Amino acid sequence: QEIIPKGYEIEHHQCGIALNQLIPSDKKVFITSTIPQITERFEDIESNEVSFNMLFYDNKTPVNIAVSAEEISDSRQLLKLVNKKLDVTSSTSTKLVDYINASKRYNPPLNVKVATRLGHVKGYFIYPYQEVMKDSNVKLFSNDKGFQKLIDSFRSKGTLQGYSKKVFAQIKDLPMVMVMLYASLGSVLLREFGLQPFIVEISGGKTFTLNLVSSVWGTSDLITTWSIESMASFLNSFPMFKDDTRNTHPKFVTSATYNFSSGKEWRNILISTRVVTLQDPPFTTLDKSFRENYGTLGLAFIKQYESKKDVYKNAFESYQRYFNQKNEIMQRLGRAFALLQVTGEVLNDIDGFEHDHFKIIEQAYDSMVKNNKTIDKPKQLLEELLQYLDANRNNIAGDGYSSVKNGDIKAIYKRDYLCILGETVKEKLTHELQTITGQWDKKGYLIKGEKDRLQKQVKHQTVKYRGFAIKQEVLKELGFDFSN
Amino acid sequence: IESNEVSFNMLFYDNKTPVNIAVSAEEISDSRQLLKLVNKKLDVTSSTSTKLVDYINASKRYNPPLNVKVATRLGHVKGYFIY
Amino acid sequence: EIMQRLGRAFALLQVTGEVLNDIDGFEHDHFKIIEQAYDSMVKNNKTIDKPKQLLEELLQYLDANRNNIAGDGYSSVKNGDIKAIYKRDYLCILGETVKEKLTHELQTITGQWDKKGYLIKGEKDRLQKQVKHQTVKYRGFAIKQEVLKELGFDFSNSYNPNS
Amino acid sequence: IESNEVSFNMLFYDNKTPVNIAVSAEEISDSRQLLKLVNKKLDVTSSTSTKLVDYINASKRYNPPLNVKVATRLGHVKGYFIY
């Protein structure tokens, strides 16, 4: 039992318990029938501010309520807890504040350091697994219940090796799902390598691959359907899975992704169904496997890294400097590939998860440089222009072409090249004309002019036009043949 | 049963006619808010609000009200299914 | 594909009918009532199959613009742009017209068209075939005559006037 | 040195652990605002806020704090160049 502060009395009548104040002459002045007992104080190690739990009995029923410091120490605010069964009024608020203060002095609450997010916060790394948390003497406060249900989903289950033979062995070398799993594992390492967030997406089983990569740390409830910012800040170092890209508005998503890419602050990978892409496509039984064998491989991975941190660090530094060598946009993503590959190198060293990390990762790298369009905007745009011209031959002049009788001339067909008139290239590129035509030149697409000018002077019949001469070779590579 | 917060029904007589009005905890336990029920036929003023709050508190102590658990929606709420 | 996303909902309505059958005076056939409307949905609802929907619309459009279609039995397109090349085996809709229709959904819908078997792919494992007519080479999506007819179209320009 | 306004650092012990917190002049010299530091481990209430404000004033009188001129930007401010 706890002590009663000097000056206070506690009566036990039929009406129920009663905290009276003792005023000498001793006269008794009722304070409350709801004796507050402040059991714990919580210190958010991010904010360094503090809160409390108030416990009191509403006539046989314990009532624990989370309360701020002000609510407990400010009469006008303390009065607001009447809605939660606290016996207090504008008349007794001050006496109850004073009693609370004294009880706090004479019965110190338990001090609990508290964290509201996962991952790296200040000096600690907060794990969402009871087993790990009970050893570290920090608690995981999450008022918002969405994240709480997210944490109950982190709970591990099943054995380990059973995940490496029932789940993992089914897909040691399926490259797309395997790189997605690298994302879900190496998300933890961004803060370790100084790398900012990025994305790994699959598009074109999809939901199935996402549900499967969820089993690296727990249930398929880690997944969500497309806020993003708060969830990212909470997972912090842990990967985010977002599902059903299809069901939602495109204005919303791309904005959400640009927002996520920015940095409370977080540093993790977004895995969906600064982007690494997996567009190739890679059941009933392996689903039972990863549903019975929840997330054990994840914490194993973390422990593996922990073992030889500063070794994997130098390995990543090597992969980083090298991937920055091998197209401009793919070199922008050099650190991300470095990271996913060090993730694979870490996974290789785990016992029952041996596999070829170099080949899966180069396999998907080349899958990207081949299949992903946006890496090469100058070429893409060029193709779009040619496609357009492919359908507008009544406005093309040149060898074998009927003279353009009405309107504008869009290109001059010569055998060695197609000279797309400057005006059409402007109509296509607008303000990006200078840079894209520059890239076309840097890429060797065009037959330059005399005076260090991108546009060649090309003759047909009785006119000399000025336009960008695109070599027959490029036309053919892109699948076009303006030949008669 | 969703919020675990509480409200009350106040009964009073406006010269032979009963008046039952639903009132929040704050309205009954804070003089400034109790004063707002004057619009609903309650005899109270800025002068008497405190004494009436204290009387309400004491009356509540010695004639406890009936406790009713309550739901504002149908279906599954927390552990019950409300029909 | 979309009907499998609604799998749990149909499962549920089916368990609802299975529950209702067991009530005292409420006997009825739930399996037939439920399969009847499943198939009624896949038949009558267009939006389940957006790729076919879009395709038909495009064909509808081309049916009204043959003065801009070239190919077998067609007068050369003299004014404006070329929208398709009619070969006996297929209608090769030029890439630009498919873009003008699908805009940002081009890749996904053409992918569906291929996965659905609508088109005669090109040599280099590319969705757009190179189509030769007279002496000119266009690049477009070749839609098999079978699909044209299934959707109710006949892009032949050769039919004796006397009929 | 730009504003000529002033702020303070308060040091107190939360049972063996020093706590230094930056505080405005108003926070320290106005009971209503001083009360807001309860969130930062300060033992104060609406009942004791006035006495603690007065104690702070007196302690400030008899143990003057160190005066530090301060700048929040680099470069030329008023007469100095802050590196």
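Per chain, the count goes from 1 following the written sequence and can depart from the entry's numbering; residues without coordinates do not appear at all. Here the convention is simple: chains get letters from A, ligands get numbers from 1, in the order in which they are written. Note that these chains sit within a larger assembly, yet all values were taken from the shown part only. Side-chain numbers here rest on the full set of heavy atoms in the structure, without hydrogens or water.

For this deposited structure, the header cites X-ray crystallography as the method used and 2.700 Å as the resolution.

Labelled according to the PDB entry, chain B appears under the name Pathogenicity island protein, originating from Staphylococcus aureus. For this structure, the PDB entry title reads "Initiation of replication protein with helicase activity encoded by Pathogenicity Island SaPIBov1".

Under the PDB entry, the name given to chain C is Pathogenicity island protein, and the organism recorded is Staphylococcus aureus.

### Concerning the environment of A:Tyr322
Segments assigned H or I by DSSP are reported as helices when at least four residues long, segments assigned E as strands when at least two residues long, and all are numbered from the N terminus. Examined against the element boundaries, A:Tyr322 turns out to sit in helix α14 (residues 309-323). Linking A:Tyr322 and A:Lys309, residues 13 residues apart in sequence, is a C-alpha distance of 20 Å.

### Focus on a nonpolar patch on the surface
Residues enter patches when they are more than 30% accessible in relative terms and free of salt bridges; like-charged ones are connected within 9 Å and nonpolar ones (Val, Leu, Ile, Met, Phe, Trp, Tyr) within 5 Å. Values of accessible area rely on a 1.4 Å probe in the Shrake-Rupley scheme; residue burial ignores everything except the protein chains shown. Any carboxyl oxygen of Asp or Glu within 4 Å of a side-chain nitrogen of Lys or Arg constitutes a salt bridge here. A contiguous nonpolar patch, built from B:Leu66, B:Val68 and B:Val70 and spanning about 360 Å² of accessible area, is present on the exposed surface. Tracing the backbone shows B:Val68 in the loop between α3 (49-62) and β3 (75-76).

### Examining the sheet that holds strand β15 (residues 275-278) of chain A
All names here are of chain A. Two strands qualify as a pair provided DSSP detects at least 2 bridges between them. The strand order across the open sheet built from 5 strands is β12-β13-β14-β11-β15, with neighbouring strands paired in parallel fashion. The sheet is open, and its two borders are formed by β12 (223-225) and β15, each paired with just one other strand. Ignoring which end each strand starts from, the neighbouring axes of this sheet average 25 degrees apart. Across 4 bridges, the pairing between strand β11 (residues 198-202) and β15 is parallel. Within β15, the position partnered with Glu201 by the bridge is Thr277. Those strands touched by helix α11 (residues 250-261) are β11, β13 (240-243) and β14 (269-272), and its axis lies near 145 degrees from that of β11. Here an angle of 0 to 180 degrees is reported between the N-to-C directions of two axes, which are lines fitted to C-alpha atoms, with helices fitted over the stretch in contact. Residues count as neighbours in contact if any of their non-hydrogen atoms are within 4.5 Å of one another.

### Focus on the arrangement of the chains
The structure contains 3 pairs of chains in contact, of which chains A and C account for the largest number of contacts. The two partners chain C and chain D share no contact, and the minimum distance between any of their C-alpha atoms is 48 Å.

### Points about the nonpolar core
Residue types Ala, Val, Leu, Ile, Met, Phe, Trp, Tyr and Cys, when buried and joined through side-chain atoms within 4.5 Å, form a set referred to as a nonpolar core. Exposure is judged per residue with a 1.4 Å probe applied to protein chains only, and the accessible area is read against the type maximum: over 50% gives exposed, under 20% gives buried, and values in between give partly exposed. With 92 residues, the main nonpolar core has A:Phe154, A:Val179, A:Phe198, A:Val200, A:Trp217, A:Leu339 and A:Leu340 as its most contacted residues. Looking at this core element by element, the count peaks at 9 residues for helix α7 (residues 175-186) of chain A. Aside from chain neighbours lying at most four places away, what touches A:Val200 is A:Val179, A:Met180, A:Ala183, A:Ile269, A:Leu270, A:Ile271, A:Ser272, A:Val276, A:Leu278 and A:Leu340. One finds A:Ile31, A:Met54, A:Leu79 and D:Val23 within the second-largest nonpolar core, a separate group that totals 40 residues.

### Things to note about the interface of chain A and chain B
Contacts between the two partners involve 14 residues from chain A and, on the opposite side, 16 residues from chain B. A buried area of about 1,300 Å², summed over both sides, lies between chain A and chain B, and 48% of it is on carbon and sulfur atoms. Throughout, buried area stands for the accessible area (probe radius 1.4 Å) lost by two parts on being put together, summed over both. If you sort the residues of chain A by the area they bury against chain B, A:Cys15, A:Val82 and A:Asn83 come out on top, with a joint share of 33%. Linking chain A with chain B are 1 salt bridge, by the criterion used here. One salt bridge in this structure joins A:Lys80 and B:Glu26, with 2.9 Å as the shortest N-O distance. Here a polar contact is recorded for every N or O atom pair within 3.5 Å, except that within protein the pair must consist of a potential hydrogen donor and a potential acceptor, and residues adjacent in sequence are included only if both atoms are side-chain atoms. Linking chain A to chain B there are 6 residue pairs in polar contact. Think of it as three bins: nonpolar holds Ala, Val, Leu, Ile, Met, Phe, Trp, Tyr, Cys and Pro, charged holds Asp, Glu, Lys and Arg, and polar takes everything else, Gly as well. In terms of residue class, the side of chain A that touches chain B is made up of 5 nonpolar, 4 polar and 5 charged.

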